[PDB]
Amino acid sequence: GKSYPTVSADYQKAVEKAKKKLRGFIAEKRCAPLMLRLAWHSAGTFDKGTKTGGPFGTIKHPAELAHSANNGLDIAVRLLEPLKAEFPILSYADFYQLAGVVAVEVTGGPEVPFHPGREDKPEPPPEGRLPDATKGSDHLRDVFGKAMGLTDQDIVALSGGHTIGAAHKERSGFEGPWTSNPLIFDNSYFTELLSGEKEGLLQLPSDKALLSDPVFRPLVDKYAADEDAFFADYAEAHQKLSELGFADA
Ligand code: HEM
Ligand SMILES: [K+]
């Protein structure tokens, strides 16, 4: 149910140019996972009943960066500031969601469709909307479904973003990568989740909760068996996530 706003031809030119520059910058800096987390934490605060939070540029504000769920994201913000300054016409909201999309692409992931026009909003959402890694399926549904309005399929597919990157004991407290190849976007997150724990690889309780839920589990299996199906449903879910509250909810 989206109606995307009209942006000027100069705005579109800058999107295109910024997308190319983000590719090169993110690849060189090795920060795709962090950029994906930044985009996801920007968007994931959306509350459908109040139309508050969501991907509207507010993650740049010191007050939002201070949320405990956002430890380490000040690094991402600082890393993007010089590049953003080359594209003064773009909203931060658009810029961060573009950086998220590019992060997925440059690590070998699906091409997530991108539409411009998010406006930067003045007020961050209240803290505490982002998911708790120590919790389980009910919690995931409260956050992704009751607040964000995404589906059970979306929950599982988006969890697969853990296919890139790592936790850090100085940020969340958890430590290490989910996969043996943490700068490669693939279905390995689901193959590891299924195989049991392997030395040196991380599983949050929230990841584990996918295995014992009756709706999540068949999706895990599908994605572990079929990376193409993972990529389709991942791209669908990331697009929806990046558009929460934008161009209609
Ligand atoms: C499902 C609930 C989720 C929970 C509870 C969760 C929790 C976490 C935690 C605790 C970390 C570690 C942060 C650190 O210590 O550095 C992390 C990292 C990450 N998360 Fe999530 N996450 C979830 C969903 C997602 C989603 C939906 C995405 C993207 C689609 C995502 C992408 C990432 C990425 C890319 C990293 C790694 C960042 C890096 O390498 O620096 N997560 N997540
Ligand atoms: K991987």
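Tell me which helices (runs of 4 or more DSSP H) are completely within segment 145-226 and hold 1 or more residues being on the phi > 0 side of the Ramachandran plot and hydrophobic (A, V, I, L, M, F, W, C), or say none if there are none.
Values: elements: 152-159, 188-195, 205-212, 216-225.
Counting at least 1 such residues, we get no helices (runs of 4 or more DSSP H) at all.
Tell me which residues, restricted to segment 86-113, are surrounded by fewer than 17 Cβ atoms within 10 Å (Cβ to Cβ) and within 18 Å of the chain's Cα centre (by Cα). So that I can check it myself, show each step before the final result.
The first filter runs over segment 86-113 and keeps only residues surrounded by fewer than 17 Cβ atoms within 10 Å (Cβ to Cβ), leaving 86, 88-89, 108, 111, 113.
Within segment 86-113, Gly108, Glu111, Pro113 qualify.
To keep it simple, each residue is scored yes or no on (1) touching a residue at least 24 places away in the same chain (Cβ under 8 Å); (2) more than 13 Å from ligand 2 (Cβ to nearest atom); (3) aliphatic (A, V, I, L, M); (4) within 22 Å of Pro113 (Cβ to Cβ).
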{"position": "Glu199", "(1), (2), (3), (4)": "no, yes, no, no"}
{"position": "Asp221", "(1), (2), (3), (4)": "yes, yes, no, no"}
{"position": "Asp228", "(1), (2), (3), (4)": "no, yes, no, yes"}
{"position": "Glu236", "(1), (2), (3), (4)": "yes, yes, no, yes"}
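From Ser206, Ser188, grab the single residue that is more than 27 Å from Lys121 (Cα to Cα), in contact (Cβ under 8 Å) with a residue 60 or more places away in the chain and of a type in the set (S, T, N, Q). Give the derivation first.
Numbers: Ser188 fails: in contact (Cβ under 8 Å) with a residue 60 or more places away in the chain.
Only one candidate qualifies: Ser206.
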* Structure fact -> Per the filter on segment 211-249, residues closer than 22 Å to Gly49 by Cβ and among the hydrophobic types (A, V, I, L, M, F, W, C) are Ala237, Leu241, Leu244, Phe246, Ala247, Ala249
* Asked: Hey, among the residues in segment 1-34 that are more than 10 Å from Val106 (Cβ to Cβ) and among the aliphatic types (A, V, I, L, M), which one's farthest from the chain's Cα centre (by Cα)?
  -> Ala9
* Only residues in segment 1-22 that are in contact (Cβ under 8 Å) with a residue 24 or more places away in the chain count as the first member; pair them with residues that are exposed (fewer than 10 other Cβ atoms within 10 Å of the Cβ) and among the aromatic types (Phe, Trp, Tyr), Cβ under 6 angstrom, at least 6 apart or cross-chain, and list the lot. => none
* Of these, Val106, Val143, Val112, which one is touching a residue at least 60 places away in the same chain (Cβ under 8 Å) and over 27 Å from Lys208 (Cα atoms)? -> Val106
* Asked: Just one of the numbered conditions (1) among the β-branched types (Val, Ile, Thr); (2) within 13 Å of ligand 1 (Cβ to nearest atom); (3) closer than 25 Å to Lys48 by Cβ is not true of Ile184; which one?
  -> (3)
* Name every residue in segment 58-80 that is touching an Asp or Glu at 6+ places or on another chain (Cβ under 6 Å) and either outside any loop (DSSP other than H, G, I, E, B) or surrounded by fewer than 14 Cβ atoms within 10 Å (Cβ to Cβ) (or both), in order of residue number. => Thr58, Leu65
* Structure fact -> Within segment 2-56, the count of residues that are at negative phi, outside any helix (DSSP H, G or I) and surrounded by fewer than 17 Cβ atoms within 10 Å (Cβ to Cβ) comes to 8
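Checking the condition in the same structural domain as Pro205 (by CATH) and surrounded by fewer than 21 Cβ atoms within 10 Å (Cβ to Cβ), which residue from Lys169, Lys121 passes?
Working: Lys121 fails: in the same structural domain as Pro205 (by CATH).
Only one candidate passes the filter, namely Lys169.
Here Cβ is always computed from backbone atoms with ideal geometry, including for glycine, and neighbour counts include all displayed protein chains. Numbers and lists here come from the model and the stated rules, or from a named source; no laboratory instrument gave them.
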